[PDB]
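Report on one structure; see the data block that follows.
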Amino acid sequence: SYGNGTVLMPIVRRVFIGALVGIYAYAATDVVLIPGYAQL
Amino acid sequence: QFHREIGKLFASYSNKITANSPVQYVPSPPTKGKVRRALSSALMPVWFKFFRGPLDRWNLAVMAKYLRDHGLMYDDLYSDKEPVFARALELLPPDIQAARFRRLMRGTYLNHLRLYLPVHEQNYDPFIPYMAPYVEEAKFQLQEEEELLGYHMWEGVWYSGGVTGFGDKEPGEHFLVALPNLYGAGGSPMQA
Amino acid sequence: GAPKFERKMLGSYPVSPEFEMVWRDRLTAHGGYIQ
Amino acid sequence: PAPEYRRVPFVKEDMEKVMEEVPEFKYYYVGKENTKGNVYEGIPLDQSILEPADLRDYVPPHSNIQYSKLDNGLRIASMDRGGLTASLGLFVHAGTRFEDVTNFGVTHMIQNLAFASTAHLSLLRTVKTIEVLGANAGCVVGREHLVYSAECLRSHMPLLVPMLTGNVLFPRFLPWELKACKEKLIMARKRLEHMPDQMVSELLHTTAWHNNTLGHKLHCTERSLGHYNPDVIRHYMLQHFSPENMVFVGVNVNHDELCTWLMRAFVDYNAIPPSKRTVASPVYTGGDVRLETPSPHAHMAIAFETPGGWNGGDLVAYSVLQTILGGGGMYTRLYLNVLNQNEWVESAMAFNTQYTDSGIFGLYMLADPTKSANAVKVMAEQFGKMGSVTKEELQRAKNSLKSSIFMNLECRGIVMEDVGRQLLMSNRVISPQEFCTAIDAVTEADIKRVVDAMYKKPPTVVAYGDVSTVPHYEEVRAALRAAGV
Amino acid sequence: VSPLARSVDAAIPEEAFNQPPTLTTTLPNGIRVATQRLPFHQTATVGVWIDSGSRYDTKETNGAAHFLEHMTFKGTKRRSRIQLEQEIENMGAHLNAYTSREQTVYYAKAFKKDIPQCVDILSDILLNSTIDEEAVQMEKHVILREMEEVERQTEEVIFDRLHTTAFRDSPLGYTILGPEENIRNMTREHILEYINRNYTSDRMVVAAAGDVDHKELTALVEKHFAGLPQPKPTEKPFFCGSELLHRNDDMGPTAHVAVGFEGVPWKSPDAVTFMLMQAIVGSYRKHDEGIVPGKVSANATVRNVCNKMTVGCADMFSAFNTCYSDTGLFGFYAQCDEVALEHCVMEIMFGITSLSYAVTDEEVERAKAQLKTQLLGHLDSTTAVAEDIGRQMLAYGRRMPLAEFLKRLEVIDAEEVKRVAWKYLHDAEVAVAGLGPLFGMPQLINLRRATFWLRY
Ligand SMILES: CCCCCCCCCCCCCCCCCC(=O)OC[C@H](COP(=O)([O-])OCC(O)COP(=O)([O-])OC[C@@H](COC(=O)CCCCCCCCCCCCCCCCC)OC(=O)CCCCCCCCCCCCCCCCC)OC(=O)CCCCCCCCCCCCCCCCC
Ligand SMILES: CCCCCCCCCCCCCCCCCC(=O)OC[C@H](COP(=O)([O-])OCC(O)COP(=O)([O-])OC[C@@H](COC(=O)CCCCCCCCCCCCCCCCC)OC(=O)CCCCCCCCCCCCCCCCC)OC(=O)CCCCCCCCCCCCCCCCC
Ligand SMILES: CCCCCCCCCCCCCCCCCC(=O)OC[C@H](COP(=O)([O-])OCC(O)COP(=O)([O-])OC[C@@H](COC(=O)CCCCCCCCCCCCCCCCC)OC(=O)CCCCCCCCCCCCCCCCC)OC(=O)CCCCCCCCCCCCCCCCC
Ligand SMILES: [Zn+2]
């Protein structure tokens, strides 16, 4: 917002949301899908 | 010329968005796709009777009783650490303002004692929207400032005047501008 | 540091924190000068 | 004779076709479509870059005034001189001489609220848009008029007519804007404390017409900050801001577009309804007043009333006499007979201020503060011998005044305000040729015939600064009496 | 599709092209005549513009140029002083003159029927003035009093001292009035030597505007200026980076400052861009403000200044650009409180340094709008037009029509401004002058290292 000094927490917000999307994608690939393809 | 070319990309996209503008109010497109609307509409008779109905009734019972114990209204739950509501409170008239002050005092004292009020003190509706006309005005006023001033990432002088320089307008609200003085008696921003 | 009769300012604009030491040591230019 | 106004009828149109006539306007620049850059890079400025396509064969515009009227009452006047920048102005017949004991200060409040929030625009958006178009705009209060005006390229006129008319059509007067704008009511006078000349002007006015009409102050006093509530402002506006009390004037715009965009402004809405107001005649009191302060001169002024003011027939006599005496040259009566014969005067001047139905005319001087009693004697002699004139000076003055008349109207803003002010004052514009024909007719006798009438009411006397040696009221009036005034 | 995309678009109005012509002609002796006729005016302006000033004094007689400006009104071979003054006044006309570092100007206003007489008078006082020694020895009183008064107008002394400290090695340094001892030592032979070295036909142009006909004016000039004599390498002035500070604590709380950079000549291609940069930085006054509060203004420099310490740190500031025949100056002037001076100055330096890194097209277009309003808004009266004719005739050898100026201004975008600034202003030398309570004042090296940012 205009007239405010908080400028570094928004960046961390976007980075964190990014990182969680990342982690969940990789976890689905690692723990579920790759084994599943051995059971498919 | 890299910059002017990417300019061209941005400009064409903006012109597309501009060309599709309506000239009058048009109802918003639904919030959910047709698949989920179909599924909800199918499962309504069970879901609303068994689960959603009682959930939404229990919720209001809980809220009402907690507000009545203390004698608060619902719009007494909003803070003034919220810019929009701070503006709304600035725009209030004397009587509403005084009554809000009084109710907050009483609620603090009652939560300290942890004593219920008599049931004859609890005969009122807590969910009246008494702040609405002022919140809408606050929203208008604070939206226009974003539109007319906040549309770019402005550049400043760093660590000068007690402000970091990246956008703040109140001194020493951030750690790297703490401790403004080493001698003397200090001072306050409100007395400049 | 400086005597109180030297560190009395003519202006009235608030001294910014980063200039503290600058105005604790203010001195008058008796007679003026050119540099 | 009043001008024959052309009618402009109201018509209602499809907005999506009217939107094809709106100028283009941008506030964001999301990228840019043109990539060619500076196409004249490296070309010196003494080497032309025009192609033969951009040459033209010149056709002048026609520059006699055009007069029109909307159906609701609004009068419109326009001229074009083919300049690139236009001048736009709205004139309202709401000065301070129309206030009373319950109203004092309301006009200043309205002026201090110009370009604030209205029905369809906010204050912030309004002023920011005016800034970004590149324009300069403002509002001015007088004793008989209130004026709004703006100025920028002529192609932006359709975007400026709303913002000027808004202020009189539908302001909101939200409390938190009134409250925030209050300090500007006091600074207006706080700055007058270092403008002695203007200060003396105000003293003259309040002493000449004590406590009535033109006498009222142009500012909010402390007593004026009570009735600073929206209902008084709104009730005052309902009595004055009706269309038939207004004029809209434009210079360097095409008249049919001006008429069209003005008509399109009032077509949807109800304007303030008319009122058959009446105005009282000023009562001239005269009198005497002093105000001491460390200034190193004795500032003095003496004045007499002009009966009838701008509506009196002798408007030309006073304006010629002022140039015989010496306006605000070096062969003038005061310059020769005062400034070149006394060592202790810094400046002597004749002043002339006129209003719709009364005025004043007098002399002003700055002197060594030890010799004020001599200053009064000099002024008394001068007043003593205004009655009589010789034809050399009279011809000098008439020629000088003609020159000044013609050369002052070579400037668009002055022309705009002149035309406006005249239309408000008497519903007619006097073209400079007519002013010259009137000047030429002034006789040697008429000067005496006017001054003999000027001296029939008591004087107005003001002193300012180091007044430590100024004679007493009776002494001043006896000095004037001895000199035959 | 949408009506919001159907708006009228006219960057340059048709009136910019439909303007009356400027007519030019060169006489055999080298004198140039220029004219433009304006149907909507009753009077006219006519005068002479001369390509000489104080830059063409010699260091021994510095101040002669300005003395001659007074002498030319003292009497001629044909008419006495009393006769000359009465023949000025009996026309009911105006006559003005002035001189500068590079240019000197005389002009009058009159109705058409009196243009001949005016020309005559002008020629007379330019060609045939009697510089009597017993009148030179009296004008010294008036010139000394004039200098006495000039020292009280602070802005002008600040700019003079900026020129003094910037152009140490060149006659641009010279002040127009000249030193005191030179005013006392001035002598007829010095004045006549200045005349006979600078008043040649190649250096003069005659211009008019209003209700004027080019043919009659050319004939009149041919008739009267037949007696003007005909004419018979130089290097770029060096710009020094230095300060010249007058500390004084007995003149109240306010400090005055001016800062300057090296500019470009009249004829340079980038001149227009410089005219634009001056507008991008703009100006501010705390006393009188229009209708936009400074704290919300679209100009970012004003906005940053007005929000400093919540009270704002300046009384007044204004930028400027000046172009000369072979060089220029570019900078700003300011007034502020003793304790605000530091911020008062460094904010505006940050302003000017932004032009090379971060400016955007919102700002460029705002500045274009304001610049156009200003310049196109002045050129209304006959005097402004005649002055513009003569000024451009001397500066360019021509007059540039409005359409050309607008077309060249239109195509400048942000990247072009950000190129020119990077060419001339980034990491440059600066010159400084100041007066008053300068205890706050920054170092020269501070102002010089300000011209670049270490960020980026
Ligand atoms: C095993 C599996 C699991 C793994 C773990 C997974 C964990 C996931 C969850 C993560 C949780 C959150 C982590 C932190 C996120 C921070 C985000 C952020 O930037 O917030 C902005 C936010 C403010 O943003 P804003 O509101 O936009 O305000 C704008 C202002 O302009 C902003 O200015 P301001 O003045 O208002 O703010 C203060 C300013 C300035 O603050 C200061 O100046 C304070 C300086 C204090 C120094 C004291 C010594 C500290 C030594 C490091 C200790 C690390 C311990 C780690 C724990 C594990 C140990 C094994 O600091 C900042 O802005 C933050 C800078 C970044 C902080 C990073 C902290 C974590 C890493 C640090 C260590 C890096 C590794 C190398 C060194 C390791 C040595 C052991 O700031 C905070 O909330 C920070 C709060 C304080 C916490 C940090 C304190 C330590 C500071 C260290 C600074 C770097 C130097 C390190 C030493 C190097 C030399 C040895
Ligand atoms: C102790 C400090 C030392 C003193 C000096 C200060 C040092 C700081 C210098 C670095 C800053 C350079 C960048 C200049 C930006 C200028 C922009 C501008 O015009 O200003 C207005 C603008 C705010 O105006 P506004 O747009 O109206 O405000 C609305 C909000 O910003 C909300 O806006 P929004 O929601 O619309 O979203 C906007 C957002 C949209 O974009 C995003 O949100 C993108 C998110 C994508 C996720 C990826 C992460 C993005 C962050 C990148 C971090 C990489 C840098 C580190 C590289 C390490 C290399 C070893 O825009 C950006 O993120 C663009 C700016 C991002 C730049 C951040 C990195 C700059 C550092 C470059 C130098 C790196 C060397 C470091 C060396 C190692 C030591 C640290 O300024 C900023 O946004 C500030 C950005 C820079 C961060 C603040 C600087 C830190 C100050 C605290 C010191 C903490 C130190 C802790 C250590 C303690 C030790 C004991
Ligand atoms: C034992 C530990 C000891 C630690 C000691 C550390 C000392 C460092 C001091 C930092 C510098 C001073 C900061 C004051 C800034 C004042 C605030 C301000 O307004 O500034 C505006 C200014 C921006 O300029 P502007 O506003 O555009 O206008 C400027 C004016 O026009 C014209 O400018 P001006 O005339 O106004 O002057 C401005 C001046 C203001 O200062 C002054 O006026 C006073 C002088 C400053 C202090 C000078 C002494 C410091 C000694 C430096 C060497 C320390 C080495 C320590 C190594 C420990 C070994 C055990 O600032 C500077 O010029 C400072 C330049 C030096 C800082 C940059 C160093 C970063 C290089 C990183 C290279 C990558 C290395 C990676 C490998 C790991 C290495 C460990 O801000 C700056 O640029 C200041 C520096 C910002 C920090 C950048 C990021 C730093 C992080 C580096 C990477 C960390 C590596 C760690 C990884 C380890 C791997 C194992
Ligand atoms: Zn002089």
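Ordering of the structure tokens sets the chain letters (A, B, ...); residue numbers start at 1 within each chain; ligands are numbered from 1 in the order shown.
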If we count only C-alpha atoms and set the cut-off at 10 Å, which residues sit around residue 221 in chain D, ignoring sequence neighbours fewer than 2 positions away in its own chain? Please answer as a PyMOL selection string.
chain D and resi 104-105+185-186+189+217-219+223-226
Extract, using only C-alpha atoms, all DNA, RNA and protein residues at most 8 Å from range 1-15 of chain A, discarding same-chain residues fewer than 5 positions from it, and format them as a VMD selection string.
chain B and resid 145 to 146 149 to 150 164 166 to 169
Show me, as a short mmCIF file (atom, residue, chain, number, x, y, z; two decimals) with N, CA and C atoms, in the first residue's frame, the residues of chain B whose atoms get within 12 Å of chain C, using only C-alpha atoms for the distance check.
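The resulting file, result-v6.cif, is reproduced below:
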data_model
loop_
_atom_site.label_atom_id
_atom_site.label_comp_id
_atom_site.auth_asym_id
_atom_site.auth_seq_id
_atom_site.Cartn_x
_atom_site.Cartn_y
_atom_site.Cartn_z
N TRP B 158 17.88 6.39 0.96
CA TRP B 158 17.88 5.36 1.98
C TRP B 158 18.34 5.91 3.33
N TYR B 159 17.74 5.39 4.39
CA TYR B 159 18.13 5.66 5.78
C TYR B 159 18.44 7.13 6.00
N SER B 160 17.42 7.96 5.77
CA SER B 160 17.49 9.39 6.01
C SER B 160 16.16 9.86 6.58
N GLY B 161 16.23 10.76 7.55
CA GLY B 161 15.04 11.30 8.16
C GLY B 161 14.38 10.41 9.19
N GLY B 162 15.03 9.32 9.59
CA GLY B 162 14.44 8.35 10.48
C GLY B 162 13.63 7.27 9.80
N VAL B 163 13.49 7.32 8.48
CA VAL B 163 12.75 6.33 7.72
C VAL B 163 13.72 5.59 6.81
N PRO B 171 8.60 7.72 11.55
CA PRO B 171 9.96 7.38 11.97
C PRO B 171 10.05 6.18 12.90
N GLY B 172 11.24 5.59 12.91
CA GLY B 172 11.63 4.48 13.75
C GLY B 172 10.62 3.38 14.02
N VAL B 177 16.16 1.43 11.97
CA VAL B 177 16.07 2.83 12.33
C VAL B 177 15.66 3.00 13.80
N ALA B 178 15.91 1.98 14.61
CA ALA B 178 15.71 2.11 16.05
C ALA B 178 16.72 3.08 16.65
N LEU B 179 16.48 3.44 17.91
CA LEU B 179 17.42 4.20 18.72
C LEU B 179 17.89 5.44 17.96
N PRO B 180 17.02 6.45 17.81
CA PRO B 180 17.39 7.63 17.02
C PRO B 180 18.41 8.53 17.67
N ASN B 181 18.56 8.48 18.99
CA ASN B 181 19.44 9.40 19.71
C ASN B 181 20.36 8.62 20.63
N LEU B 182 21.49 9.25 20.96
CA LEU B 182 22.41 8.73 21.95
C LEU B 182 22.55 9.63 23.16
N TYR B 183 22.26 10.92 23.03
CA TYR B 183 22.28 11.88 24.12
C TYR B 183 20.95 12.62 24.13
N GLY B 184 20.80 13.55 25.06
CA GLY B 184 19.60 14.37 25.12
C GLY B 184 18.40 13.65 25.71
N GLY B 186 15.46 12.98 23.77
CA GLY B 186 14.57 12.43 22.76
C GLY B 186 13.48 13.41 22.38
N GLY B 187 12.25 12.93 22.32
CA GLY B 187 11.20 13.67 21.63
C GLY B 187 10.17 12.70 21.10
N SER B 188 9.12 13.27 20.49
CA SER B 188 8.06 12.47 19.92
C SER B 188 7.69 13.01 18.54
N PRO B 189 7.33 12.14 17.59
CA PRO B 189 6.94 12.65 16.27
C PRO B 189 5.72 13.55 16.29
N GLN B 191 4.86 15.91 18.19
CA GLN B 191 5.08 17.26 18.70
C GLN B 191 5.97 18.10 17.79
N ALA B 192 6.33 17.59 16.62
CA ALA B 192 7.08 18.37 15.65
C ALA B 192 6.22 19.52 15.13
#
Quick one: residues within 7 Å of ligand 4, with only C-alpha atoms and all ligand atoms, as a ChimeraX atom specification?
/E:70,143,146
Export of prior selection with C-alpha atoms as a compact mmCIF listing (two decimals), in the first residue's frame:
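Result file selection_2.txt:
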# COMPACT_ATOMS: atom_id res chain seq x y z
CA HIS E 70 22.96 54.56 -20.49
CA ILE E 143 25.45 53.51 -12.19
CA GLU E 146 22.24 51.01 -9.54
Check: which chain E residues lie within 12 Å of chain A using only C-alpha atoms, as a ChimeraX atom specification:
/E:295-296,304,307
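Nearest to chain D of all the residues E:312, E:20, E:171, E:30 is E:20, counting only C-alpha atoms.
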What are the DSSP strand (DSSP E or B) residues of range 26-164 of chain E, as a PyMOL selection string?
chain E and resi 26+32-37+43-50+76+94-99+104-111+129
Enumerate as a list in words all residues of chain C assigned to alpha helix (DSSP H) by DSSP on the backbone, naming them with the chain letters and numbers the document uses.
residues 20, 21, 22, 23 and 24 of chain C
Students should find that CA of residue 54 in chain E and CA of residue 176 in chain E are spaced 5.6 Å
